[PDB]
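S.K.:
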Amino acid sequence: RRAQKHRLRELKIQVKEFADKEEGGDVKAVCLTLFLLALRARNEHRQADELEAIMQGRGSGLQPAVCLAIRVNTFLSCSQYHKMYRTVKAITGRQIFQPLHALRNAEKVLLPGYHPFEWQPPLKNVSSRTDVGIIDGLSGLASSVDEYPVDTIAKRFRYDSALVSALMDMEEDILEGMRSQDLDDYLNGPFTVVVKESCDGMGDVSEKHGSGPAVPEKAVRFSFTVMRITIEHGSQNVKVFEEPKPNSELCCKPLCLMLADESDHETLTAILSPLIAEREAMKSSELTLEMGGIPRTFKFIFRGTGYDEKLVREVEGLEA
Amino acid sequence: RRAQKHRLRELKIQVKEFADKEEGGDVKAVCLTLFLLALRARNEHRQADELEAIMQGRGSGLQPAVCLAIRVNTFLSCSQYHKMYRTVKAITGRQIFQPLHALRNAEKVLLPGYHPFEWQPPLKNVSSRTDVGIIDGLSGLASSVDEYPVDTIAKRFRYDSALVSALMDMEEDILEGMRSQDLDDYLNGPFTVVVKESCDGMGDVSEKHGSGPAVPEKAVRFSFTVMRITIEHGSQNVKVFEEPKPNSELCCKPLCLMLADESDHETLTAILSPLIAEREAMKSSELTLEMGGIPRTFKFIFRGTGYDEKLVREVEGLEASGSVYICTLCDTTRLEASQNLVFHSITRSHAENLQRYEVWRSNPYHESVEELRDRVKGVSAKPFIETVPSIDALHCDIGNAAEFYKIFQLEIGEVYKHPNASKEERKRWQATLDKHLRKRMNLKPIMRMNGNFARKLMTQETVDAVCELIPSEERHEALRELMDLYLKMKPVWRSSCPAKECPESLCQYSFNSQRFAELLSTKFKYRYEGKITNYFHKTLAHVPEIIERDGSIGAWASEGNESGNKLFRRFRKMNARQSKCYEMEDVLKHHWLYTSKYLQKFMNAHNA
DNA sequence: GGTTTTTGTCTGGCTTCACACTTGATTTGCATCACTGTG
DNA sequence: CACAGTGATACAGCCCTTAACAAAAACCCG
DNA sequence: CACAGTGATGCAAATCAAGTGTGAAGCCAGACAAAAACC
DNA sequence: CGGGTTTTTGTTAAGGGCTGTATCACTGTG
Ligand SMILES: [Ca+2]
Ligand SMILES: [Ca+2]
Ligand SMILES: [Zn+2]
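This is the structure:
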């Protein structure tokens with residue numbers, strides 16, 4: 001490297017002084033172009049195509065989004081992925097899989113708290129901030145010695161931000177659906193979105209050791225799916241996206257996981273009150289989101305169909 | 001392509017004149033150097049390495065062996081690997097990975113039954129064929145409706161085939177160790193191989209649907225691992241290998257997997273008889289096997305230590321498990337063991353148990369039931385598996401920790417002043433002990449005691465948190481000193497090399513044992529007058545003798561077999577066919593592939 | 001209209017990739033089989 | 001002293017620019 | 001009428017290795033000649 | 001045999017950016 005730099009001590013100087021004049025000072029692009037022309041003069045076309053793919057990250061590389069998709073949908077843990085990446089490094093020599101920090105950087109885009117959303121009218125009792133991530137499910141429940149004892153752990157997502165992330169994960173799907181029925185592409189009619197929220201407790205979940213309250217060995221999950229999305233066109237309505245597998249495990253997007261008891265009622269109400277408040281506030285509100293270069297509005301219709309009979313009774317008044 | 005030549009016309013002239021006058025005339029090469037310099041300055045070393053690889057010899061494409069190694073060690077299943085390979089191919093273009101059929105072809109080298117071998121003394125009662133794979137564990141037992149009913153599903157490797165597969169998987173480690181010992185390389189002396197047999201029966205395995213016998217919901221695994229390999233040189237032998245993690249899940253090798261009850265002696269013996277026949281046949285023979293192009297001979301020394309207390313009682317011939325004869329190494333009654341607590345001797349063996357069964361059956365002296373049992377020292381059944389006298393470290397620790405838990409539960413109630421207590425009092429003692437244990441050291445209450453619970457409860461903070469609930473001070477000091485004694489005792493029978501990393505502890509074990517025994521006999525007369533646990537008996541009597549006889553206690557423990565049991569459920573649920581007739585075979589093959597070591601060095605290529 | 005950029009061509013000569021036929025010889029892809037797991 | 005995870009976080013290693021100087025290996029010829 | 005596995009088996013589709021003479025395409029030489037977006 | 005010339009490789013310190021590994025309290029099969 002040092003010998004090449006010392007021999008090439010001037011060539012960089014005049015190529016950069018020309019780049020400052022002809023282009024602006026982008027030495028990498030002009031050097032790549034000159035290499036491509038040199039290869040063409042030497043008559044290698046497949047090699048030039050491969051180099052172009054490499055510069056575009058197609059011939060190799062496996063972009064971090066693709067690597068994260070592989071790791072997540074292959075049910076591979078982070079440590080196992082690191083082992084596989086390290087051994088592929090050592091053997092092949094190139095970088096076929098991306099590093100864990102790159103995966104984690106690409107992770108933040110899909111998680112809630114990255115896109116900007118504005119409400120009109122603003123949601124009642126819901127903050128207008130657009131960077132809320134994983135918040136405590138207790139909603140700041142009083143946990144001193146003087147009040148009702150708390151023995152639950154709950155991490156939950158704000159309902160509106162979670163809906164924004166779920167809608168943005170299917171941006172291409174919504175565009176394709178709107179293209180399929182020969183509608184426009186920049187149409188910004190008010191979308192009508194129906195969401196099936198399902199809550200069901202579990203049993204025989206092993207309580208762990210470690211610092212925390214006397215947590216019972218029961219877990220209650222809250223989740224929602226996006227069933228269908230429609231736009232208002234002309235006098236009637238037309239569907240854009242319909243889930244082909246409504247009962248699959250790939251559509252039951254989680255919302256709020258608390259390791260509490262289903263039979264216990266006070267803690268259940270305390271933890272699930274904020275979500276119901278947000279849902280009631282959003283029942284009559286309009287969500288604005290920058291959907292692929294054109295702002296479009298959203299509407300929400302909620303159906304609580306995914307409850308078993310015992311929880312339905314325990315919630316909606318009925319006894320036993 | 002054409003509209004970009006008129007920015008480069010005014011530059012290629014000086015580029016090529018410089019190349020002619022200084023480099024020699026090459027333009028593509030000098031531009032390669034310039035582009036590498038620019039890319040490395042821009043901090044695009046990934047692209048720089050890709051360009052270097054593509055311009056140099058193309059290293060694209062992984063070997064089927066390394067693909068299989070990744071697929072097995074990264075805990076992956078065939079369908080997930082297939083979709084990973086499909087997406088990688090479809091996106092990258094070139095086929096970096098290798099297909100499932102190629103991986104399946106490449107995995108026949110490691111599985112037993114593909115390499116040639118022979119025995120210099122022809123083994124008795126077993127075929128010399130060298131192309132046997134997974135053979136039925138039932139050994140062709142009669143399944144006719146008229147015969148004794150069968151309810152077991154067993155798939156099994158032949159013992160010598162598994163041994164030769166393991167040995168020439170071990171081949172390159174053996175060669176590397178031989179080089180590292182400053183010896184020759186092509187020497188072919190009588191190798192001695194020491195292997196460890198571990199057997200344990202599990203529970204709560206979910207029986208599947210489908211055609212098959214009335215199989216129970218219990219499983220028994222029979223696994224072995226290679227510990228030491230030695231070869232003779234002049235007047236001494238050299239340690240050609242030594243297992244670094246004898247208790248890991250990467251060393252125990254599955255050999256015979258069956259779904260049968262541990263205590264169902266009928267089917268247990270029915271399935272394990274061929275294994276003992278093979279062990280007896282090959283315990284007095286010699287194996288000739290090529291090793292890197294040069295034949296080498298193998299001797300075998302066989303030891304059984306991976307057996308739990310109940311399984312030793314069942315297969316060695318002791319009464320049931322409780323009896324009055326408590327130890328599996330010495331013939332001493334529970335009361336006599338409770339009064340002596342110090343001095344004993346290891347005096348049981350498989351041949352002694354066989355002859356004692358012969359005496360019990362024939363009754364050569366015309367004597368009654370009680371006196372005959374007294375003469376036969378509790379042997380009331382004929383043994384069928386040879387096991388050496390040893391101690392299972394994990395179960396010993398678990399039992400000792402449970403006993404200490406009960407001692408704390410009693411002491412927080414001061415039973416020494418209240419000889420009579422009620423069930424409500426005992427329940428309240430248990431509840432307060434659990435609450436304060438949680439509050440102080442933060443352990444949840446459990447009903448079956450684990451080993452992590454043992455390790456966390458065997459601390460000084462434990463006796464601290466207990467004694468802050470005991471009003472008296474004499475109990476405080478007694479518990480503290482007993483706890484210190486136990487912590488000084490534990491390292492000896494839990495370390496891989498007791499004679500290396502714990503010399504002072506090993507030396508002081510005897511004095512600590514005497515102090516512990518007399519402390520119990522004096523300050524704990526309310527628990528240990530006329531009765532003591534077999535695990536305390538073992539720890540206080542037999543551990544130094546076993547150290548002197550063997551070399552280490554704990555390297556032969558059942559930690560590896562427990563880890564294999566952990567792997568068994570994962571393999572059954574994600575890496576095996578979900579049918580009652582092929583699941584066991586698939587689990588056996590995948591577990592053998594995982595425990596293979598040729599597929600493990602590939603994932604440690606980063607240190608090369 | 002001026003100015004600059006962007007494509008187009010010119011003929012002889014060079015290299016570089018695809019194929020024209022045939023017969024095997026592999027490698028690779030995907031459907032089938034009776035089952036599980038969370039209730 | 002069971003041993004291989006399990007994932008987020010933070011610090012260390014390696015390497016790029018500036019520019020002038022220093023230690024070291026290969027031929028030429030008196 | 002849940003749905004994503006679970007791995008071995010087996011047949012069908014795809015790719016290729018062997019022989020040399022073609023075509024078909026990209027590019028090199030330095031120079032001349034029309035379209036198109038800002039004034 | 002050794003200056004003399006030419007070429008190869010490294011070195012000093014201030015910053016930026018990617019990459020690798022140790023650390024934290026825990027898990028499970030018992
Ligand atoms: Ca349920
Ligand atoms: Ca067991
Ligand atoms: Zn004993």
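Quick note, the sequences are listed as chains E and H, same order.
Counted from 1, the first sequence has number 69 at position 69 by the numbering used here; the numbering is strictly sequential.
Counted from 1, the second sequence has number 183 at position 183 by the numbering used here; the numbering is strictly sequential.
Yeah, the Cβ is synthetic: ideal placement off N, Cα and C, and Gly gets one too.
#1: Under 8 Å, with one C-beta from each stretch per pair, do the stretch 436-449 of chain H and the stretch 416-426 of chain H reach the 3-pair mark?
#2: Between the alpha carbons of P295/E and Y186/E, how many angstroms are there, rounded?
#3: List, in order along the chain, the chain H residues whose C-beta lies closer than 9 Å to that of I13/E?
#4: What residues in the stretch 588-608 of chain H have a beta carbon less than 9 Å from any beta carbon of chain E?
#5: Excluding the 5 residues flanking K597/H on each side, which residues of the same chain have their C-beta closer than 8 Å to its C-beta?
#6: Which bits of chain E does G203/H rub up against, with CB to CB less than 9 Å?
#7: Short of 6 Å in beta carbon distance, which residues of its chain neighbour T332/H, apart from the five on each side in sequence? Order them along the chain.
#8: Secondary structure at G322/H, three-state DSSP: helix, strand or coil?
#9: Between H6/E and chain H, is the shortest Cβ-Cβ distance under 8 Å, so that the two count as touching?
#10: Say the cut is 7 Å; is the CB of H537/H nearer than that to a heavy atom of ligand 3?
#11: Taking contact to mean 3 or more Cβ pairs, one atom from each stretch, closer than 8 Å, check whether the stretch 259-269 of chain E and the stretch 72-88 of chain E are in contact.
#12: Given a limit of 7 Å on CB to CB distance, which residues of the stretch 192-226 of chain E reach chain H?
#13: Can you find a CB in chain E that lies within less than 8 Å of the CB of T333/H?
#14: Rounding to the nearest angstrom, what Cα-Cα distance links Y528/H and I412/H in this structure?
#15: Using DSSP with H/G/I as helix, E/B as strand and the rest coil, what is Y81/E?
#16: So which of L62/H, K196/H, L39/H, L183/H has the shortest CA-CA distance to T387/H?
#17: Residues of chain E with a CB under 7 Å from the CB of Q578/H: which are they?
#18: Take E266/H and list the residues in its own chain whose beta-carbon comes closer than 8 Å to its own, dropping the five residues that flank it on each side.
#19: Taking the continuous alpha helix (DSSP H) assigned at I70/H, which residues delimit it?
#20: In terms of alpha-carbon separation, which member of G203/H, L8/H, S139/H, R494/H lies closest to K566/H?
#21: Could you have a look at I553/H and say whether DSSP puts it in helix, strand or coil?
#22: On the DSSP bridge list, what partners appear for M202/E?
#23: Give the residues of chain E in contact with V66/H, contact being defined as C-beta atoms less than 7 Å apart.
#24: Which word fits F75/E, buried or exposed, when buried means at least 16 other C-beta atoms lie within 10 angstroms of its C-beta?
#25: Ligand 1 and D261/E: does the residue's C-beta get closer than 7 Å to at least one heavy atom of that ligand?
#26: Tell me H233/H's beta-bridge partners as DSSP assigns them.
#27: If you measure from each CB to the nearest heavy atom of ligand 1 and keep those under 7 Å, what residues do you get, in chain order?
#28: Can you pull the chain H residues whose beta carbon is under 7 Å from the beta carbon of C251/E, in chain order?
#29: What are the start and end residues of the alpha helix (DSSP H) that includes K28/E?
#30: Taking the Cβ atom as the reference point for each residue, do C256/E and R156/E lie within a distance shorter than 8 Å?
#31: With DSSP as the reference, please indicate the residues paired to residue 322/E in a beta bridge.
#32: Tell me the DSSP bridge mates of residue 321/E?
#33: Using a beta-carbon distance below 8 Å, is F18/H in contact with chain E?
#34: With DSSP collapsed to three states, give me the class of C256/E.
#35: Express the C-alpha separation of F343/H and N452/H in angstroms, rounding to a whole number.
#36: Please work out which residues of its chain come closer than 7 Å, Cβ to Cβ, to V72/H, disregarding the five sequence neighbours upstream and downstream, and give them in chain order.
M.R.: Walking through what the data contain:
#1: Touching, no, given that fewer than three Cβ pairs across the two stretches are closer than 8 Å.
#2: 9 Å
#3: What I13/E touches in chain H: nothing, since even the nearest Cβ is about 12 Å away.
#4: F602, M603, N604, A605, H606, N607, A608
#5: Result list for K597/H: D169, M170, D173, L250, in chain order.
#6: Those within 9 Å of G203/H in chain E number zero; the least Cβ separation is about 16 Å.
#7: none
#8: Collapsing the DSSP output to three states places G322/H in coil.
#9: no
#10: yes
#11: no
#12: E207, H209, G210, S211
#13: no
#14: 17 Å
#15: helix
#16: Relative to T387/H, the option among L62/H, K196/H, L39/H, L183/H whose CA is nearest is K196/H.
#17: Under the 7 Å cutoff, chain E gives no residues; its nearest Cβ is about 17 Å from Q578/H.
#18: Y148
#19: Residues 64-73.
#20: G203/H
#21: coil
#22: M202/E is bridged to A219/E.
#23: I91
#24: exposed
#25: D261/E Cβ: outside cutoff for every heavy atom of ligand 1.
#26: DSSP output for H233/H lists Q236/H as bridge partner(s).
#27: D200/E, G201/E, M202/E, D308/E
#28: Neighbours of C251/E on chain H: none; closest Cβ ~19 Å, over 7 Å.
#29: It spans 27-41 - the alpha helix (DSSP H) in which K28/E sits, taken as one unbroken run.
#30: yes
#31: Coverage of chain E is limited to positions 1 through 320, which leaves residue 322/E absent and any answer about it impossible.
#32: This structure leaves residue 321/E out entirely; chain E is present only between 1 and 320.
#33: yes
#34: strand
#35: If I take the Cα positions, the gap works out to 31 Å.
#36: Correct list, in chain order: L593, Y594, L599.
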